[PDB]
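Below you will find one chain, with nothing else, as structure tokens; this is the form deposited in one PDB entry, and questions on how it binds or moves follow later.
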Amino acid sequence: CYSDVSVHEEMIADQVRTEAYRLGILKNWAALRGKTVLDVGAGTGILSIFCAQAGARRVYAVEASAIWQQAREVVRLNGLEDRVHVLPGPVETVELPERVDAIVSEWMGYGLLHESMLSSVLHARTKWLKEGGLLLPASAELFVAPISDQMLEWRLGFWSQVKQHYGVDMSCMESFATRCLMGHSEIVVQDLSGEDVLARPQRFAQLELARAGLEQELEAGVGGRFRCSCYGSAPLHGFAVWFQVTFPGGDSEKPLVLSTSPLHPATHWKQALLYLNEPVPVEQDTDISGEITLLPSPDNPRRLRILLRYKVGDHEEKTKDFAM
């Protein structure tokens, strides 16, 4: 039981994410007023209530997990159960009375696509959205930047600091910790600051949710290529990957963006870190290029796998396969 509490407590206590979804919805009042909305993975139903506050005539809040019973309590508690109908079960088997004008959904996972609800959103787009209908958010953008992780440096430098604290020299452990903490093939979820960013962040993929065949591209892998130049000299530990989602309406050339970038206010998503096997020294204007592909795991299609091809200046092109 407490796991379901934790998931949705973290979701709503995420002030940056919840305030962004509220604004993105309310700023689309013209497209939602008097219309119908489908909420995919409605969780507690808070987004469905935002839509009703934006003037929706009917909202269908679909939630497969057991929290849908809480969503109905919340909807009834707010006197909304006649417009907002929490419907249990997956969106692929639910039956709606009508096609809807808009789809809202909180679907992003760690690294965007780790155990995300994106495919269920795409199924609902195909099955239940009217042609030309609204999607909130409408797109997701993936970013990458090379990093010199200060937290990792601290973890590696820790062994050289033991002698001055406790009188025992453990500098020999630094080489051991460097190989162990970086030789693995795991995607590390942690948040970073601008001080960790070694070059200008590069957008390598954009996902337009209205696109048919976006789901068959999901199986083939979502990715792109990048190039950047380093700010200065530092040990390159690897790469940070993060995302943003964009809400239409308001202004066509500056729409509302919810971002998980280390340069922006923290979110519960933090960032996905990809560590090279060893640190690589780089200098100012060192050119780093490569390709990143977000893939479904071969064992579990819901588990995120990231294949990283990269090249650091003079050095040969290397490849590392990560998994979550």
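Just count from 1 along the sequence shown to find any residue number. We call the rigid core the largest set of C-alpha positions that still match within 1.5 Å between the two forms. Shifts are known only where both forms have a C-alpha.
Omitted here: the form deposited with a small molecule bound. The next part is about that form.
Enquirer: Let me test this: is every residue among 11, 62 and 117 within 4.5 Å of the small molecule in the deposited bound form, going by heavy atom positions?
Expert: Heavy-atom distance to the small molecule in the deposited bound form: all three under 4.5 Å.
Enquirer: Pick from 97, 194, 89, 213: which has a non-hydrogen atom within 4.5 Å of the small molecule in the deposited bound form?
Expert: Exactly one listed residue reaches within 4.5 Å, namely 89.
Enquirer: Of these, 44, 286, 36, 28, which has a heavy atom no more than 4.5 Å from the small molecule in the deposited bound form?
Expert: Here the answer is residue option 44.
Enquirer: Partner absent here, but in the deposited bound form, which of 291-299, 273-281, 256-264, 36-44 has residues with a heavy atom within 4.5 Å of the small molecule?
Expert: Of the stretches listed, the one contacting the partner is 36-44.
Enquirer: Quick one: does residue 17 come within 4.5 Å of the small molecule in the deposited bound form, counting heavy atoms only?
Expert: Yes, residue 17 lies within 4.5 Å of the small molecule in the deposited bound form.
Enquirer: Mark residue 101 yes when one of its heavy atoms lies within 4.5 Å of a heavy atom of the small molecule in the deposited bound form, and no otherwise.
Expert: Outside the cut-off, so no.
Enquirer: When the contact criterion is heavy atoms within 4.5 Å, does residue 149 count as touching the small molecule in the deposited bound form?
Expert: No.
Enquirer: If I superpose on the rigid core and flag every C-alpha moving 2 Å or more, which consecutive runs of 3+ residues come out between the shown form and the other one, in sequence order?
Expert: Residues 178-180 form the single run that moves by 2 Å or more between the shown form and the other one.
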